[PDB]
Structures are given as C-alpha cells and as structure tokens.
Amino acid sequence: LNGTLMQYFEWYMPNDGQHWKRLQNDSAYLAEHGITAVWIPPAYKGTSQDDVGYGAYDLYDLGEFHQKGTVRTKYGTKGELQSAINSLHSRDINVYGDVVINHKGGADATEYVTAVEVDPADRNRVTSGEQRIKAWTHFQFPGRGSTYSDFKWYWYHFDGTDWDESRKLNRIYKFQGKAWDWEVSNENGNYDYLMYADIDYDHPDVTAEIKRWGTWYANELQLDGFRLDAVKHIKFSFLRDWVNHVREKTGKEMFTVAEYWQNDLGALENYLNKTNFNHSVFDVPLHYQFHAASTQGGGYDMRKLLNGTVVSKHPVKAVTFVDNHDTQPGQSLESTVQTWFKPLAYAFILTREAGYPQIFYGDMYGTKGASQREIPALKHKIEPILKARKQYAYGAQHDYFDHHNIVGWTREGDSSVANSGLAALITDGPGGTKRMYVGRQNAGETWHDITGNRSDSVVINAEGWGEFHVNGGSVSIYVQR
C-alpha cells in the first residue's frame, strides 16, 4: 500500500546502450521490494550518444533515428525502453518520464544572430552593445525528417545562448528583441538562462509545440507521470499550464514532481503557489539537512530534521530523497550524504508517514564515476528499510525528536496490514536507548530489529511501550517477529 519511487539512473553509468534492458530485467526485483514507480532518465536524443539526457537535442527521437552519431540514446532504443515499460506496468510499477524543456543543445547549424551580452551574476544587466554572433540555434533533425513532427527550431524560438561560434567565446548572450522569461528564480537577477540555447516561453508557437510534444511523449511511452527538469529556470505559469494541458489531453492523473533546486523552503513554497499546487517538488532542504548531519560527526542537532523542509509543511507535495544524479560525487550540485549516515536518512524518508519517498539507483548499486569517492552499493543496507516501509510502516505515528543525537519514531500498525507497526531509532552520535509508545494494541508482542544491527528482542509492555536500542552512528527499526 505505501508507494515508493526509484530514480532509475545515476550520472556515470556506462554508455553501453543496455540500461533499458537492465531496467526490464530488474522489474521483478523492484516490484518484490515494494517499488511502485520509477523515474527514468531523459529518453530522447542528447548532443551525443553518451549524453546523460539533459542536452535535449531532439525530443521526438527516443533512440529511433540516426542523429548525433547514433540511433540509440545512452540508454538504448525506443523499442527497448517500451519493452522495459511494458514489464514494469505488468508488475504495477508506474513510469515517470524526465521532461527537459528548459533548453535545446546540439543544434545542427549556427545562425547569425544579433545579441547583447548580459552579466552572469545579474542577467537583467546588459554589458555590451549589439553584436553579431554565431549561435547554435538551427534544429533541422536531418536523421528524423518530419516523422512525428515537422516543427523546426530557429534562433527566434530562444532567448539566448552561452556560445558565440565566430569568436569562440563563452558568454551569456541575449538575442535581439528577446527578454528573459518571468516568473523564474530571482537568483542572478533572473535565472532563466542556464545552458545551451534557452527556450523562449514568451513565444506562442513554442508554448503550443512543447505542450503538443508533452502529450505525444506521454502516449509514445505510456507514461504515468513526469519528472520536470530544471524548473527554477522555466517560466512557472508555463509549467503549470503544461501539466494541466497534458493531463487534459491524456485523461490521466500524471503524477508530476518538479526539480526546483534551492535549499530554501520559502522559494519552494513560492513555486508551489505559482503553479497552483498542481504538482510536487523534490525536498531539497531535507537533502541538505541529511548532508549536514552526515558531515558534522555528531555535532548536528538531529531535532532540526523536523523543520524547514518541504515534507514538514507540504507533505502531500513533497518527494523526499537522500541523493540524486546532481548531488552524487563529482557532479554539479555535489552534496553527497556520507555513506555511514545514508541508511539513517533512508529510514527517515521510508518509514515516516509524511512525503512520497524516492530511492536512488546510485545508492542501491553504487556510482561508477572515475573517483575513489564513489557511492558504494548499499542495496543490502537499504533492502531491510524498504521492507519496513512495504510491510510495517502503517498507522498512527509518534515522534521522539527530544535529543541532540538519538531521535526516533513509531508507527502503531494498521489493521489493514497484518502485523504492521514499527519503532525506528537513528543517531548521528553515540548509541543508547529510548522508550517509545507503539500502541496498546501491540502489548505483549515480541519485536526485533529488521536491519539486523541490534540482535536483541523487545517485548512491548501492557501500556504499549518498548525499550528500544540503537548503536553508535546507526539505525534500528524494530518490527514484530
């Protein structure tokens, strides 16, 4: 009954074209461990075969056309993806597609464009007169032709770019007659511009086309929902309308979660408000708290985990997580939750009632970057916690955030899930004990630590309390034997 998301990729997976096949072959394992939805990496042609997917060359090429030196994407072919999705749906696993509509990379040809430079710390400030640049803005899709869509892109569909090919120069250029979109993040004055050619969401043909593509994409892959990339760089009212549009055309719920990357609840709440709460956001602040706790050696006040997060104020609109492809070692938003703390963070997201939790492929299977700082495979430490969620994390919750280090929570169980109920303890410092209430209805049951970290059994007293133990820097989750 509890739903669990999985981000089904990490940044450094090998470019062998086998990822979709792997996903298909992992569907039985995912279903058995209680994963009910997967977020798949962008499925369309990037700027090269080894693009992780955020280049977004051709949104209508799902690994079907020979473009950018390849038919397949990094991950495989359209057919392979569709076979994987078909296996996942056969096991009631929903599929959320990644939607990268901020920009387009890898244009087929340059165009001469009149532009001005803007200040990278304040993109509202113009720092040059008009100049002629060669911008990568012409998309003809020579390998695709007009199959699925005859829409061609030119400079006038974009607000700007970060490269002039004539002078070989990396600067933020705003095209003549264009204005950065609003509302976007107010960081750097206006954070519309991120990378590649920035899509102009003031352009009515562009808004129409991206909405149309949205519906096509959903149908083509039989998607159940969306993950929205880089939303702080995309006109908020457009995103709102886009989500409503695809829902209207497909007739389905299309659960949607946006990646709004800011460690600030206020900014996330503004975004929710400006999109009428029609979709969820990732709980970025909670991730940063996990990161802080993991790097402070016991010095973090664990009571802080209850405040300043999306899940603390808008639990129905939070997707909670520990790490992702941007926070993993080496990557652009690097803030990795250290290995020792990572299971404790997973207990917090998986066994508490608030939020829609997500597990990271990189945490399960490890990351394959070229460093000696990669995330090791933690599948065996995470499996028990997933099981706790799937089978035990039901009913009324009681919180025990009453200590700088050792914090815990219980779940009473629900009569709809047989033998459900748990008692969780995590500590960033020394271990110890906490007496916690698990419900009088559990009186006399014998509970054991599903993680195997503690070998002691705890018998629940007549008043519904047990005396629970946790080791130093560890997690224990007690459930009925």
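Note that residue numbering follows the sequence shown and begins at 1.
For the pair 318-326 and 209-217, the mean Cα B-factor is higher in 209-217. Stretches 40-48 and 26-34 differ in mean C-alpha B factor, with the higher average recorded for 26-34. Each of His279, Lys252, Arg227, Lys74 has a CA temperature factor in the record; the biggest one is found at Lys252. Between the residues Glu248, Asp200, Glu259, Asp192, it is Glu248 that shows the highest Cα B-factor in the PDB record. When all modelled residues of the chain are sorted by CA temperature factor, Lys21 is found within the middle third. Per the PDB record, residue ranking by Cα B-factor puts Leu62 in the lowest third of the chain.
Compared with the other modelled residues of the chain, the Cα B-factor recorded for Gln331 ranks in the middle third. Ranked by Cα temperature factor within the chain, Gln82 sits in the lowest third according to the deposited record. Remark: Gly53 belongs to the lowest third of its chain, ranked by C-alpha B-factor as recorded.
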